[PDB]
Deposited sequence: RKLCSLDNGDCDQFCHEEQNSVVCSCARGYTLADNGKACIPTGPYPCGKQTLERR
């Protein structure tokens, strides 16, 4: 029953709706839990550059 209109369906990035599918931008991989987005490199899009 989850919906994208409630805490973005618990997704870190993209949410899409008879149940919710999370997805991620290029340079990230969708976690095993189907929610989180993992950076596949040190300079992933949209991340400010703070350590390193």
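Unmodelled regions of the deposited chain sequence (numbering from residue 1, in sequence order): 18-19, 55.
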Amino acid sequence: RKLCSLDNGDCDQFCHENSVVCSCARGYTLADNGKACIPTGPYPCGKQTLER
From here on, numbers count along this sequence of modelled residues.
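Highest C-alpha temperature factor among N18, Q13, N33, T29 per the entry: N18.
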